[PDB]
């Protein structure tokens, strides 16, 4: 309703301000402040960059929720939709990369290469990003103009097709790989007390590995409700009650909250980052 969406928007504004502050701060620290351009941080940079982009759209999406329509035209409609998908894909793919990086460190004890991967990650993402941007538009159909992605005819076929594919390749499979990485660490680590190197430097590996795992946990936690719902919507399951809509609005919000959460996680679970703040 009128007051419950004000809640949603106020929530966005909060996420927006804190998010940009946090992520921009992170990007700065890694970029110029210090030579802490490590494999993991270059991937973290990639996450912050993505979060930044999507955070910039909350002000726009926020007004659409209030007005009940899209008053920014087509150009910005396509722009927003692209980012939204770019966000999801670059996030998971980057997390996966970070996970493999971790596993390599643990079992096989450069930033340039991590930088290369980020490129490949944005290259893969665009395979869905650009296409969706083209398909997306703001179409005054009946009653109201609105921003959305157009599903080809018949929708009863392509709906499920894109619904399933995007579910698997944007979320499940990446998460699946991530699981394998950590599972393999587990079997490797067993029997490794202060082993595989020297005491002084091991805690970092453990601490940096612990970091990557929490970020993944937190991400998966924030975007799973939305992923399933969106999946269901693709199959034709549509919400038609105030409560249904509300829950959806909040789970969509809950996902966007993930963007501003990362910086705080780095602050609490990463010594180096914890130092550059205060």
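Numbering follows the first chain given and starts at 1.
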Q) Between residues given as residue 131 and residue 132, how many of the deposited sequence are not built: none, 1 to 3, 4 to 9, or 10 or more? A) none
Q) Which of the two stretches, 251-259 or 264-272, shows the higher mean Cα temperature factor in the record? A) 264-272
Q. Of 234-242 and 64-72, which one has the bigger average CA B-factor?
A. 234-242
Q: For the C-alpha B-factor as written in the entry, point me to the maximum among 153, 79, 96, 179.
A: 153
Q: Pick out which of 124, 175, 168, 194 has the highest C-alpha B-factor in the PDB entry.
A: 194
Q. Can you tell me which third, lowest, middle or highest, the CA B-factor of residue 216 falls into for its chain?
A. middle
Q: Pull the Cα B-factor of residue 139 out of the PDB entry and bin it into the chain's lowest, middle or highest third.
A: highest
Q) What third of the chain, by the recorded C-alpha B-factor, contains residue 83? A) lowest
Q: Please rank the C-alpha B-factors of the chain's modelled residues and tell me whether residue 31 sits in the lowest, middle or highest third.
A: highest
Q | Assigned third (lowest, middle, highest) for the C-alpha B factor of residue 164 | A | lowest
